[PDB]
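Chemist: Starting off with a structure, shown below.
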Amino acid sequence: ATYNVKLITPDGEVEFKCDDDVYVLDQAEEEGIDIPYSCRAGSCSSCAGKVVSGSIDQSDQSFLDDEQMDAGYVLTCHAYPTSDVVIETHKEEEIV
Ligand code: FES
Numbered sequence: 001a002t003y004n005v006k007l008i009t010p011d012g013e014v015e016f017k018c019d020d021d022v023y024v025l026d027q028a029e030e031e032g033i034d035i036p037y038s039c040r041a042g043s044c045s046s047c048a049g050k051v052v053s054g055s056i057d058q059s060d061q062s063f064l065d066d067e068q069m070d071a072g073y074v075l076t077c078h079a080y081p082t083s084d085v086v087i088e089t090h091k092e093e094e095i096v
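Residue numbers (PDB author numbering): 1 to 96.
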């Protein structure tokens with residue numbers, strides 16, 4: 001129910017409110033968050049962030065491996081915040 005998502009951006013963080021039923025992008029741009037997006041389809045080799053804490057559901061994309069997920073990564077186009085989550089954005093060239 002509308003959680004406090006942190007995006008640790010290079011800029012130096014953008015904490016924002018993200019609905020459990022919205023993507024961590026769609027509602028980010030609303031606050032003004034320029035995430036490193038390229039598309040919204042979910043068959044890419046870019047567009048990721050590092051899950052620091054909390055849990056979220058990205059069972060929608062088709063890119064990040066089990067390794068990357070477990071290792072602490074998430075796609076940044078198709079992700080639903082299930083609680084207060086902390087993630088770092090700009091992690092294309094940290095997962096590949
Ligand atoms: S840029 Fe294509 S799903 Fe993220």
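Idealized CB from N, CA, C, for every residue including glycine.
I believe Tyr73 touches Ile56 by the beta-carbon criterion, under 8 angstroms. Please report the beta-carbon distance rounded to the nearest angstrom.
Modeler: Counted from its first residue, the sequence shown places residue 73 at position 73. Counted from its first residue, the sequence shown places residue 56 at position 56. With a Cβ gap of about 11 angstroms, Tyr73 and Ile56 do not count as contacting.
Chemist: Looking only at C-alpha atoms, which of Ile8, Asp20, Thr9 and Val14 sits nearest to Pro81?
Modeler: Translated into the one-based positions of the sequence shown, residue 81 becomes position 81. Checked all of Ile8, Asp20, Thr9 and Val14; the closest Cα to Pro81 is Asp20.
Chemist: Determine whether the beta carbon atoms of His78 and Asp65 lie at a separation below 7 angstroms.
Modeler: Here the question's residue 78 lines up with position 78 in the sequence shown. Here the question's residue 65 lines up with position 65 in the sequence shown. No. Outside cutoff.
Chemist: So, for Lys50: in the same chain, excluding its five sequence neighbours on each side, which residues have a beta-carbon less than 7 angstroms away from its beta-carbon?
Modeler: Sequence index remark: in the sequence shown, residue 50 carries index 50 (1-based). Correct list, in chain order: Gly72, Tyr73, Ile87, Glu88, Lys91 and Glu94.
Chemist: Taking only the alpha-carbon atoms, compute the straight-line gap between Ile33 and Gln68 and give it to the nearest angstrom.
Modeler: Stepping through the sequence shown from its first residue, residue 33 is reached at position 33. Stepping through the sequence shown from its first residue, residue 68 is reached at position 68. Near 24 angstroms, if we compare the C-alpha coordinates of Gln68 and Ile33.
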